[PDB]
There are 4 protein chains.
Amino acid sequence: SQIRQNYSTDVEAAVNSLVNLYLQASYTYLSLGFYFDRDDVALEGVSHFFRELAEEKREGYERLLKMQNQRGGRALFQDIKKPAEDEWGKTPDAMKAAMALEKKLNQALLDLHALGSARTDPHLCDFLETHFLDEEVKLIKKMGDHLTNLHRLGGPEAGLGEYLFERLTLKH
Amino acid sequence: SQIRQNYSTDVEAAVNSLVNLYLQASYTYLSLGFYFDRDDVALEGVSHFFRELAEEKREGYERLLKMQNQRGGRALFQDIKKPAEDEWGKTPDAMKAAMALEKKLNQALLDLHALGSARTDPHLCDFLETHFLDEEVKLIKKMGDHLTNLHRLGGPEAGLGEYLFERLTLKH
Amino acid sequence: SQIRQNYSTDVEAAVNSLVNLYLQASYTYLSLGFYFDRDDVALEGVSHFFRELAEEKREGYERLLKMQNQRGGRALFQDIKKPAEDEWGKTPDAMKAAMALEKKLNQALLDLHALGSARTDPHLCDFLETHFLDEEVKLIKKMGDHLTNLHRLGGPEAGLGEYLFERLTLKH
Amino acid sequence: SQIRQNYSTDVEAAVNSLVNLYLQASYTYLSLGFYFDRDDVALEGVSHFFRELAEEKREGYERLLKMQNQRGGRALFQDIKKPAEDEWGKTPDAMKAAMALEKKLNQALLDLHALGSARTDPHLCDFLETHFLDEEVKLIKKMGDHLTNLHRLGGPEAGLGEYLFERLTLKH
Ligand SMILES: [Fe+3]
Ligand SMILES: [Fe+3]
Ligand SMILES: [Fe+3]
Ligand SMILES: [Fe+3]
Ligand SMILES: [Fe+3]
Ligand SMILES: [Fe+3]
Ligand SMILES: [Fe+3]
Ligand SMILES: [Fe+3]
Ligand SMILES: [Fe+3]
Ligand SMILES: [Fe+3]
Ligand SMILES: [Fe+3]
Ligand SMILES: [Fe+3]
Ligand SMILES: [Fe+3]
Ligand SMILES: [Fe+3]
Ligand SMILES: [Fe+3]
Ligand SMILES: [Fe+3]
Ligand SMILES: [Fe+3]
Ligand SMILES: [Fe+3]
Ligand SMILES: [Fe+3]
Ligand SMILES: [Fe+3]
Ligand SMILES: [Fe+3]
Ligand SMILES: [Fe+3]
Ligand SMILES: [Fe+3]
Ligand SMILES: [Fe+3]
Ligand SMILES: [Fe+3]
Ligand SMILES: [Fe+3]
Ligand SMILES: [O]
Ligand SMILES: [O]
Ligand SMILES: [O]
Ligand SMILES: [O]
């Protein structure tokens, strides 16, 4: 590139990888989104929650792609692996799947910050600090709070709790 | 003071004491406030309730400090004792702790009115009558009502009741 | 915590410590605030300056407590040590006390950034960088400017300078 | 009176006395007001301060007269004693005269509250508590603050301080 400066081939390839990971997470959220709208699941607020996460994740990869172009990197796409399940169980299960996905995304973000820090790339570090890390922290805190409210509503009287949580906590 | 008039050294020192008591109650409410926002407690409305009480208590001590200055008293600060617990249990427990704290504040207010009455200080008596006593009565009535609603929602099906009360009674 | 990730027990405890330090500074500012409103001190603008600092410091600890909850830390409170003086002298003295307090807060902030940097916690580093460090720099620069204006107004004609500075520099 | 109830002849006569005292204070403030507008005194803000006090004191006696009528008392007027001085010196002197007058008014108010308390007349006590006592406290605190600012501006460079205080503190 006529423009590339302080932009290591390692960051470029790790950014390409994080992009595939965002694409895959978006895809997972899409699947959870339509799943909770099945006539036999029918939890509109849960469906909305996950549709919104698919949308947020898309913004993630679009922003990584834009930063790749701005630094003089070359985007390279791989296949997007289908989501890990085709049925997602009940709200607690789905929510725990989502937690696990967000934890993996967060680790991948932290790993890429560590790497850019190690290649003294402060622009890349700042970029992640600004557009990604706090977003992850806030979102994980929110899923944790959700898991705590579902747990409190679970046990013997499981079905009623799931209805109430979707109705009184999730936006529909 | 060039300004002090009918202001006994006893009232002045008791006002200093009530100030430390307000500081301490504010501090207790702060602690209850963040506690109910822990990812493993996650009761936003309860957290809001107690944050608001911390704020109200701060107004209390600021008003006592201002009246101290207006009467020609000298403020004197002591250490603020940390709250009595670091974990606050469930909503009923926290609410009973709050009740007990408010009852102690009310007794301390009544005691200071008695004392100013005994030093024939009608300004101090009126000041408490106007800015403190009815506030205490209204607030204790509210915590009592809350305790009655939690009791009605308690027993075997404890977790569900706590969710509903936070959702349908507390402002979030 | 179901949510904690990359959050060292050292940062958590140092955050708890910084919280007690903010509580203590807020308390010091409260004391300076009412002091300058005594009928025998009577410098409304100075009183306003310090009341505002008490308020800002409270925002500080509330933000640290919120970040503690978001990271999955557990808040732990200690006693709040009373302010170091009960009488604060003249504006120059108070202002130098405030400078010293802000310098200690700044060092404690820098130390905690160093520590999170050493535990490769970029979220914590960014958090301080964003909500604390520049605030400290701006405020210390402002107290320094104030000290320079008081010095210029001091010396033989001390009392007049203190009146003018409160009237023509501080917001009342 | 067809209306009088729980209204002792002692309160009635003490209310008549407090009225003459308010009339006299109003008269004193009138005198201080025009004095500071003499071409050879020429302190507009000081003049305004005292004119305003004359006005406030008039409201005082009008309110006592109205309450006398409402309780079924009979107003009785005596002569109004001329003010104690015809020349009032400099701002510090006038302000100390005003302080002394307000202290005497406050004592007379406290004495009348004590008396109505002793005749178990809660209406009269409340009336004073509501329309008089806090007004006195606030005003004395304000004169004290003023005296502190004048003192700080006094000494060798007396004339300049008096100009600045009238210009930068008093409303003109
Ligand atoms: Fe959307
Ligand atoms: Fe969105
Ligand atoms: Fe967005
Ligand atoms: Fe969007
Ligand atoms: Fe399957
Ligand atoms: Fe950085
Ligand atoms: Fe509030
Ligand atoms: Fe409030
Ligand atoms: Fe309020
Ligand atoms: Fe408020
Ligand atoms: Fe414990
Ligand atoms: Fe009353
Ligand atoms: Fe009253
Ligand atoms: Fe009363
Ligand atoms: Fe403010
Ligand atoms: Fe502020
Ligand atoms: Fe602020
Ligand atoms: Fe603010
Ligand atoms: Fe001392
Ligand atoms: Fe940064
Ligand atoms: Fe930054
Ligand atoms: Fe007027
Ligand atoms: Fe008026
Ligand atoms: Fe008026
Ligand atoms: Fe008026
Ligand atoms: Fe004379
Ligand atoms: O978004
Ligand atoms: O409030
Ligand atoms: O603030
Ligand atoms: O007035």
# chains A, B, ... in the order shown; residues from 1 in each chain; ligands from 1
>>> closest_atom_pairs(of="chain B", to="chain C", cutoff="7 Å", atoms="only C-alpha atoms", output="tab-separated table")
residue	atom	partner	partner_atom	distance
B:34	CA	C:65	CA	7.0
B:37	CA	C:69	CA	6.9
B:38	CA	C:69	CA	5.4
B:39	CA	C:72	CA	6.9
B:65	CA	C:34	CA	7.0
B:69	CA	C:38	CA	5.4
B:72	CA	C:39	CA	6.9
B:76	CA	C:86	CA	6.5
B:77	CA	C:82	CA	6.0
B:78	CA	C:82	CA	5.2
B:79	CA	C:82	CA	4.5
B:80	CA	C:80	CA	4.8
B:81	CA	C:79	CA	4.8
B:82	CA	C:79	CA	4.5
B:86	CA	C:76	CA	6.5
>>> write_last_selection(atoms="C-alpha atoms", output="short mmCIF file (atom, residue, chain, number, x, y, z; two decimals), in the first residue's frame")
data_model
loop_
_atom_site.label_atom_id
_atom_site.label_comp_id
_atom_site.auth_asym_id
_atom_site.auth_seq_id
_atom_site.Cartn_x
_atom_site.Cartn_y
_atom_site.Cartn_z
CA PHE B 34 -24.52 -1.17 44.35
CA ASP B 37 -26.78 -4.14 40.80
CA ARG B 38 -24.31 -7.05 41.11
CA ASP B 39 -24.64 -9.42 38.14
CA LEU B 65 -24.74 21.59 58.02
CA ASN B 69 -23.80 27.57 59.85
CA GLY B 72 -23.53 30.18 64.31
CA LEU B 76 -17.12 19.04 63.45
CA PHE B 77 -16.67 15.82 61.51
CA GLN B 78 -15.81 12.36 62.84
CA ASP B 79 -15.01 9.18 60.90
CA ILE B 80 -17.81 7.51 58.97
CA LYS B 81 -18.32 3.94 60.16
CA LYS B 82 -18.55 1.44 57.26
CA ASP B 86 -21.12 -6.32 52.99
#
>>> residues_near_ligand(ligand="ligand 10", cutoff="9 Å", atoms="only C-alpha atoms and all ligand atoms", output="list in words")
residues 52, 55, 56, 58 and 59 of chain B
>>> residues_around(residues="stretch 154-157 of chain A", least_positions_apart="2", cutoff="12 Å", atoms="only C-alpha atoms", output="list in words")
residues 90, 91, 92, 93, 147, 148, 149, 150, 151, 152, 159, 160, 161, 162, 163, 164 and 165 of chain A; 156, 157, 158, 159, 160 and 163 of chain B
>>> write_last_selection(atoms="C-alpha atoms", output="PDB file, in the first residue's frame")
ATOM      1  CA  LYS A  90     -35.426 -22.701  26.477  1.00  0.00           C
ATOM      2  CA  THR A  91     -34.530 -19.038  27.275  1.00  0.00           C
ATOM      3  CA  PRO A  92     -31.924 -20.021  29.984  1.00  0.00           C
ATOM      4  CA  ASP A  93     -30.145 -22.366  27.565  1.00  0.00           C
ATOM      5  CA  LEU A 147     -29.220 -15.298  33.665  1.00  0.00           C
ATOM      6  CA  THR A 148     -29.685 -14.295  37.331  1.00  0.00           C
ATOM      7  CA  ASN A 149     -33.331 -13.273  36.700  1.00  0.00           C
ATOM      8  CA  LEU A 150     -34.077 -16.462  34.766  1.00  0.00           C
ATOM      9  CA  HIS A 151     -32.511 -18.547  37.530  1.00  0.00           C
ATOM     10  CA  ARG A 152     -34.714 -16.847  40.106  1.00  0.00           C
ATOM     11  CA  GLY A 159     -42.840 -22.247  32.137  1.00  0.00           C
ATOM     12  CA  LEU A 160     -44.503 -19.355  34.004  1.00  0.00           C
ATOM     13  CA  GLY A 161     -41.115 -17.767  34.775  1.00  0.00           C
ATOM     14  CA  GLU A 162     -40.121 -17.848  31.116  1.00  0.00           C
ATOM     15  CA  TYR A 163     -43.356 -16.115  30.098  1.00  0.00           C
ATOM     16  CA  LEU A 164     -42.993 -13.409  32.774  1.00  0.00           C
ATOM     17  CA  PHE A 165     -39.336 -12.675  31.979  1.00  0.00           C
TER      18      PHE A 165
ATOM     19  CA  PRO B 156     -42.454 -21.352  49.155  1.00  0.00           C
ATOM     20  CA  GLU B 157     -42.478 -19.407  45.863  1.00  0.00           C
ATOM     21  CA  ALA B 158     -39.894 -16.846  47.032  1.00  0.00           C
ATOM     22  CA  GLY B 159     -37.863 -16.116  43.864  1.00  0.00           C
ATOM     23  CA  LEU B 160     -40.876 -15.357  41.636  1.00  0.00           C
ATOM     24  CA  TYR B 163     -38.965 -10.633  40.586  1.00  0.00           C
TER      25      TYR B 163
END
>>> residues_near_ligand(ligand="ligand 12", cutoff="7 Å", atoms="only C-alpha atoms and all ligand atoms", output="PyMOL selection string")
(chain B and resi 126+129) or (chain D and resi 126+129)
>>> select_by_dssp(residues="stretch 26-148 of chain B", states="alpha helix (DSSP H)", output="short mmCIF file (atom, residue, chain, number, x, y, z; two decimals) with N, CA, C and O atoms, in the first residue's frame")
data_model
loop_
_atom_site.label_atom_id
_atom_site.label_comp_id
_atom_site.auth_asym_id
_atom_site.auth_seq_id
_atom_site.Cartn_x
_atom_site.Cartn_y
_atom_site.Cartn_z
N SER B 26 -26.41 7.43 54.63
CA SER B 26 -26.14 7.63 53.22
C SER B 26 -25.18 6.53 52.72
O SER B 26 -25.43 5.90 51.69
N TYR B 27 -24.11 6.29 53.50
CA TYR B 27 -23.08 5.32 53.15
C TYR B 27 -23.70 3.92 53.10
O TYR B 27 -23.46 3.15 52.16
N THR B 28 -24.54 3.60 54.09
CA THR B 28 -25.25 2.32 54.07
C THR B 28 -26.10 2.18 52.81
O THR B 28 -26.15 1.07 52.26
N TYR B 29 -26.78 3.28 52.40
CA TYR B 29 -27.68 3.19 51.24
C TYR B 29 -26.89 3.01 49.94
O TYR B 29 -27.28 2.23 49.09
N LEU B 30 -25.77 3.72 49.83
CA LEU B 30 -24.81 3.52 48.75
C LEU B 30 -24.48 2.04 48.59
O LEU B 30 -24.43 1.53 47.47
N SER B 31 -24.21 1.37 49.71
CA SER B 31 -23.76 -0.01 49.69
C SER B 31 -24.90 -0.91 49.24
O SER B 31 -24.69 -1.81 48.41
N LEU B 32 -26.10 -0.68 49.77
CA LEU B 32 -27.26 -1.45 49.34
C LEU B 32 -27.55 -1.23 47.85
O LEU B 32 -28.00 -2.13 47.14
N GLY B 33 -27.30 0.00 47.40
CA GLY B 33 -27.54 0.38 46.01
C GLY B 33 -26.67 -0.40 45.05
O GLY B 33 -27.18 -0.99 44.10
N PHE B 34 -25.35 -0.43 45.28
CA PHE B 34 -24.52 -1.17 44.35
C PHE B 34 -24.72 -2.69 44.49
O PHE B 34 -24.64 -3.43 43.51
N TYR B 35 -25.03 -3.15 45.71
CA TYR B 35 -25.24 -4.56 45.95
C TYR B 35 -26.32 -5.13 45.04
O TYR B 35 -26.10 -6.17 44.42
N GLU B 44 -32.75 -4.22 39.47
CA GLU B 44 -32.53 -2.83 39.11
C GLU B 44 -33.43 -1.90 39.94
O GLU B 44 -32.96 -0.87 40.43
N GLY B 45 -34.72 -2.23 40.08
CA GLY B 45 -35.65 -1.38 40.81
C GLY B 45 -35.27 -1.25 42.29
O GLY B 45 -35.42 -0.16 42.88
N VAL B 46 -34.75 -2.33 42.88
CA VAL B 46 -34.34 -2.32 44.29
C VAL B 46 -33.11 -1.43 44.38
O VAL B 46 -33.02 -0.54 45.24
N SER B 47 -32.21 -1.60 43.41
CA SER B 47 -30.99 -0.79 43.41
C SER B 47 -31.31 0.71 43.33
O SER B 47 -30.82 1.50 44.14
N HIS B 48 -32.21 1.08 42.42
CA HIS B 48 -32.72 2.44 42.28
C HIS B 48 -33.32 3.01 43.58
O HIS B 48 -33.01 4.15 43.93
N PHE B 49 -34.20 2.24 44.24
CA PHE B 49 -34.81 2.56 45.53
C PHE B 49 -33.75 3.02 46.54
O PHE B 49 -33.82 4.15 47.01
N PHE B 50 -32.71 2.19 46.75
CA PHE B 50 -31.65 2.49 47.72
C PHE B 50 -30.70 3.61 47.27
O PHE B 50 -30.24 4.40 48.11
N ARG B 51 -30.39 3.70 45.96
CA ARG B 51 -29.57 4.81 45.46
C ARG B 51 -30.25 6.15 45.80
O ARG B 51 -29.59 7.13 46.17
N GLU B 52 -31.58 6.16 45.67
CA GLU B 52 -32.38 7.34 45.86
C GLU B 52 -32.34 7.73 47.35
O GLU B 52 -32.13 8.90 47.68
N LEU B 53 -32.49 6.73 48.23
CA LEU B 53 -32.30 6.94 49.67
C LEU B 53 -30.90 7.46 50.00
O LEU B 53 -30.76 8.39 50.78
N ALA B 54 -29.85 6.96 49.36
CA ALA B 54 -28.55 7.57 49.64
C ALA B 54 -28.59 9.07 49.34
O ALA B 54 -28.06 9.89 50.09
N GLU B 55 -29.27 9.42 48.24
CA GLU B 55 -29.30 10.79 47.77
C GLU B 55 -30.08 11.68 48.74
O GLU B 55 -29.62 12.78 49.07
N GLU B 56 -31.24 11.21 49.16
CA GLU B 56 -32.08 11.88 50.14
C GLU B 56 -31.32 12.10 51.45
O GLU B 56 -31.44 13.16 52.06
N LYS B 57 -30.56 11.10 51.91
CA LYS B 57 -29.85 11.22 53.18
C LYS B 57 -28.76 12.29 53.08
O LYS B 57 -28.53 13.02 54.06
N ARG B 58 -28.11 12.38 51.90
CA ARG B 58 -27.09 13.41 51.67
C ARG B 58 -27.71 14.80 51.81
O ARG B 58 -27.15 15.66 52.51
N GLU B 59 -28.92 14.99 51.24
CA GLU B 59 -29.66 16.25 51.37
C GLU B 59 -29.89 16.56 52.85
O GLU B 59 -29.67 17.70 53.29
N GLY B 60 -30.30 15.54 53.62
CA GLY B 60 -30.39 15.63 55.08
C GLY B 60 -29.16 16.27 55.74
O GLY B 60 -29.24 17.31 56.41
N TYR B 61 -27.99 15.66 55.55
CA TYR B 61 -26.84 16.19 56.25
C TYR B 61 -26.42 17.56 55.71
O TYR B 61 -25.95 18.41 56.46
N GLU B 62 -26.64 17.80 54.42
CA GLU B 62 -26.28 19.10 53.87
C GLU B 62 -27.14 20.21 54.49
O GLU B 62 -26.66 21.32 54.75
N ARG B 63 -28.42 19.90 54.69
CA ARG B 63 -29.36 20.81 55.34
C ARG B 63 -29.00 21.02 56.83
O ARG B 63 -29.09 22.13 57.32
N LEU B 64 -28.56 19.97 57.54
CA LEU B 64 -28.14 20.14 58.93
C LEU B 64 -26.89 21.01 58.99
O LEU B 64 -26.85 21.96 59.78
N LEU B 65 -25.95 20.79 58.05
CA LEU B 65 -24.74 21.59 58.02
C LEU B 65 -25.05 23.05 57.72
O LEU B 65 -24.48 23.93 58.37
N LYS B 66 -26.01 23.27 56.82
CA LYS B 66 -26.35 24.64 56.49
C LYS B 66 -26.99 25.32 57.70
O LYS B 66 -26.70 26.47 57.99
N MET B 67 -27.89 24.61 58.39
CA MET B 67 -28.56 25.20 59.56
C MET B 67 -27.53 25.47 60.67
O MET B 67 -27.53 26.53 61.26
N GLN B 68 -26.55 24.56 60.83
CA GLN B 68 -25.46 24.77 61.78
C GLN B 68 -24.78 26.09 61.47
O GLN B 68 -24.57 26.92 62.37
N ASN B 69 -24.46 26.32 60.19
CA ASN B 69 -23.80 27.57 59.85
C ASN B 69 -24.73 28.76 60.10
O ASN B 69 -24.28 29.84 60.48
N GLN B 70 -26.03 28.58 59.87
CA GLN B 70 -26.90 29.74 59.96
C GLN B 70 -27.09 30.17 61.41
O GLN B 70 -27.39 31.35 61.64
N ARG B 71 -27.01 29.21 62.34
CA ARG B 71 -27.23 29.46 63.76
C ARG B 71 -25.94 29.94 64.43
O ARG B 71 -25.97 30.44 65.56
N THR B 91 -34.34 -9.09 48.90
CA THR B 91 -35.09 -7.84 49.05
C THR B 91 -35.70 -7.72 50.45
O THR B 91 -35.57 -6.68 51.08
N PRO B 92 -36.43 -8.74 50.99
CA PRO B 92 -37.01 -8.62 52.34
C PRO B 92 -35.98 -8.27 53.41
O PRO B 92 -36.20 -7.39 54.25
N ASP B 93 -34.82 -8.91 53.35
CA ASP B 93 -33.77 -8.66 54.34
C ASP B 93 -33.30 -7.20 54.27
O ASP B 93 -33.21 -6.50 55.30
N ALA B 94 -32.93 -6.77 53.05
CA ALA B 94 -32.43 -5.42 52.81
C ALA B 94 -33.46 -4.41 53.31
O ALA B 94 -33.12 -3.45 54.00
N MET B 95 -34.73 -4.67 52.98
CA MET B 95 -35.81 -3.76 53.30
C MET B 95 -35.97 -3.66 54.82
O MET B 95 -36.30 -2.59 55.33
N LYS B 96 -35.71 -4.78 55.55
CA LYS B 96 -35.83 -4.78 57.01
C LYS B 96 -34.63 -4.06 57.62
O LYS B 96 -34.78 -3.34 58.61
N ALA B 97 -33.44 -4.28 57.04
CA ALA B 97 -32.30 -3.45 57.42
C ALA B 97 -32.64 -1.97 57.24
O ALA B 97 -32.32 -1.16 58.11
N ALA B 98 -33.29 -1.60 56.11
CA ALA B 98 -33.52 -0.18 55.84
C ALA B 98 -34.51 0.41 56.85
O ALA B 98 -34.29 1.52 57.33
N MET B 99 -35.57 -0.35 57.15
CA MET B 99 -36.55 -0.04 58.18
C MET B 99 -35.88 0.28 59.53
O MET B 99 -36.11 1.34 60.13
N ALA B 100 -35.02 -0.65 59.99
CA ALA B 100 -34.27 -0.49 61.22
C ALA B 100 -33.43 0.78 61.16
O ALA B 100 -33.41 1.55 62.13
N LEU B 101 -32.74 1.05 60.04
CA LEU B 101 -31.93 2.26 59.97
C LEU B 101 -32.84 3.50 60.10
O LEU B 101 -32.53 4.42 60.86
N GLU B 102 -33.98 3.51 59.38
CA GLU B 102 -34.85 4.68 59.39
C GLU B 102 -35.43 4.92 60.79
O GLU B 102 -35.54 6.07 61.21
N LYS B 103 -35.79 3.83 61.51
CA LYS B 103 -36.26 3.92 62.89
C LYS B 103 -35.24 4.56 63.84
O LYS B 103 -35.61 5.39 64.67
N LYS B 104 -33.97 4.18 63.71
CA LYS B 104 -32.89 4.79 64.47
C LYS B 104 -32.74 6.28 64.10
O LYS B 104 -32.64 7.10 65.02
N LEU B 105 -32.79 6.64 62.79
CA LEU B 105 -32.71 8.04 62.39
C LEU B 105 -33.87 8.83 62.98
O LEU B 105 -33.68 9.96 63.42
N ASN B 106 -35.08 8.24 62.94
CA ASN B 106 -36.28 8.89 63.47
C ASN B 106 -36.13 9.14 64.99
O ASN B 106 -36.41 10.25 65.47
N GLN B 107 -35.64 8.14 65.74
CA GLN B 107 -35.43 8.30 67.18
C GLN B 107 -34.41 9.40 67.46
O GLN B 107 -34.60 10.26 68.33
N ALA B 108 -33.32 9.41 66.69
CA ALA B 108 -32.33 10.45 66.85
C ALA B 108 -32.94 11.82 66.52
O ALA B 108 -32.61 12.81 67.17
N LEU B 109 -33.86 11.89 65.56
CA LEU B 109 -34.49 13.17 65.25
C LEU B 109 -35.41 13.58 66.40
O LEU B 109 -35.39 14.73 66.82
N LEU B 110 -36.24 12.65 66.87
CA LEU B 110 -37.13 12.90 68.00
C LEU B 110 -36.34 13.31 69.25
O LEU B 110 -36.69 14.29 69.91
N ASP B 111 -35.22 12.63 69.53
CA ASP B 111 -34.39 12.99 70.67
C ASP B 111 -33.86 14.42 70.55
O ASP B 111 -33.82 15.16 71.54
N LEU B 112 -33.39 14.80 69.35
CA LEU B 112 -32.88 16.15 69.19
C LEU B 112 -34.00 17.20 69.29
O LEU B 112 -33.78 18.29 69.79
N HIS B 113 -35.22 16.88 68.83
CA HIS B 113 -36.33 17.81 69.02
C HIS B 113 -36.62 18.02 70.52
O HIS B 113 -36.85 19.15 70.96
N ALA B 114 -36.61 16.92 71.29
CA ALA B 114 -36.88 16.92 72.73
C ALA B 114 -35.91 17.85 73.45
O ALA B 114 -36.34 18.68 74.24
N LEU B 115 -34.62 17.73 73.07
CA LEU B 115 -33.50 18.50 73.59
C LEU B 115 -33.60 19.98 73.26
O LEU B 115 -33.24 20.82 74.10
N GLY B 116 -33.98 20.30 72.02
CA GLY B 116 -34.12 21.71 71.67
C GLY B 116 -35.36 22.30 72.34
O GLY B 116 -35.37 23.47 72.75
N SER B 117 -36.40 21.47 72.43
CA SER B 117 -37.58 21.84 73.21
C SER B 117 -37.19 22.16 74.66
O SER B 117 -37.67 23.14 75.24
N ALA B 118 -36.29 21.35 75.24
CA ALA B 118 -35.81 21.52 76.61
C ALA B 118 -34.86 22.72 76.74
O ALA B 118 -34.61 23.20 77.84
N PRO B 122 -37.01 27.29 69.69
CA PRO B 122 -38.13 26.95 68.81
C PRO B 122 -37.73 26.88 67.33
O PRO B 122 -38.34 26.16 66.54
N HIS B 123 -36.68 27.61 66.95
CA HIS B 123 -36.19 27.61 65.58
C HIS B 123 -35.74 26.20 65.21
O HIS B 123 -36.16 25.70 64.17
N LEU B 124 -34.93 25.58 66.08
CA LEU B 124 -34.41 24.22 65.87
C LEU B 124 -35.60 23.24 65.85
O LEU B 124 -35.73 22.42 64.94
N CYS B 125 -36.51 23.39 66.81
CA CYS B 125 -37.67 22.50 66.80
C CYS B 125 -38.42 22.61 65.46
O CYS B 125 -38.73 21.59 64.84
N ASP B 126 -38.70 23.83 64.99
CA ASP B 126 -39.48 24.08 63.77
C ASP B 126 -38.78 23.49 62.55
O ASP B 126 -39.40 22.79 61.76
N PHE B 127 -37.47 23.77 62.44
CA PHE B 127 -36.55 23.24 61.45
C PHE B 127 -36.68 21.73 61.31
O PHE B 127 -36.73 21.23 60.18
N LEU B 128 -36.71 20.99 62.43
CA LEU B 128 -36.83 19.54 62.36
C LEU B 128 -38.24 19.15 61.91
O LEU B 128 -38.42 18.18 61.18
N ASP B 134 -41.82 14.69 59.04
CA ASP B 134 -42.86 14.13 58.19
C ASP B 134 -42.24 13.27 57.09
O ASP B 134 -42.82 12.25 56.71
N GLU B 135 -41.07 13.69 56.62
CA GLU B 135 -40.28 12.91 55.67
C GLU B 135 -40.03 11.50 56.24
O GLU B 135 -40.25 10.52 55.53
N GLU B 136 -39.61 11.42 57.52
CA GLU B 136 -39.39 10.14 58.17
C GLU B 136 -40.68 9.34 58.26
O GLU B 136 -40.68 8.16 57.93
N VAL B 137 -41.77 9.99 58.70
CA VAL B 137 -43.02 9.25 58.85
C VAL B 137 -43.43 8.68 57.49
O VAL B 137 -43.66 7.47 57.37
N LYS B 138 -43.44 9.52 56.43
CA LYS B 138 -43.85 9.03 55.12
C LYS B 138 -42.96 7.87 54.69
O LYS B 138 -43.44 6.85 54.21
N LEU B 139 -41.65 8.02 54.87
CA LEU B 139 -40.76 6.98 54.37
C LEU B 139 -40.94 5.66 55.13
O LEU B 139 -40.89 4.60 54.51
N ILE B 140 -41.17 5.72 56.45
CA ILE B 140 -41.30 4.47 57.22
C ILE B 140 -42.60 3.78 56.80
O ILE B 140 -42.65 2.55 56.62
N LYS B 141 -43.65 4.57 56.59
CA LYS B 141 -44.91 4.00 56.12
C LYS B 141 -44.69 3.27 54.79
O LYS B 141 -45.24 2.19 54.55
N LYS B 142 -43.90 3.88 53.90
CA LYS B 142 -43.60 3.27 52.61
C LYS B 142 -42.81 1.97 52.79
O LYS B 142 -43.10 0.98 52.12
N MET B 143 -41.81 1.94 53.70
CA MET B 143 -41.07 0.68 53.84
C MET B 143 -41.95 -0.41 54.44
O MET B 143 -41.93 -1.57 54.01
N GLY B 144 -42.83 -0.01 55.36
CA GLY B 144 -43.77 -0.95 55.94
C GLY B 144 -44.68 -1.51 54.85
O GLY B 144 -44.83 -2.72 54.74
N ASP B 145 -45.26 -0.63 54.03
CA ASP B 145 -46.07 -1.15 52.93
C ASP B 145 -45.27 -2.12 52.08
O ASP B 145 -45.81 -3.14 51.66
N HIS B 146 -44.01 -1.78 51.75
CA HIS B 146 -43.17 -2.67 50.96
C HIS B 146 -42.98 -4.02 51.63
O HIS B 146 -43.13 -5.05 50.95
N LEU B 147 -42.66 -4.01 52.94
CA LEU B 147 -42.49 -5.25 53.69
C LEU B 147 -43.77 -6.09 53.64
O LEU B 147 -43.67 -7.30 53.41
N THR B 148 -44.95 -5.45 53.74
CA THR B 148 -46.19 -6.21 53.65
C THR B 148 -46.37 -6.88 52.28
O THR B 148 -46.84 -8.01 52.21
#
>>> atom_distance(atom1="atom CA of residue B:172", atom2="atom CA of residue A:170")
13.3 Å
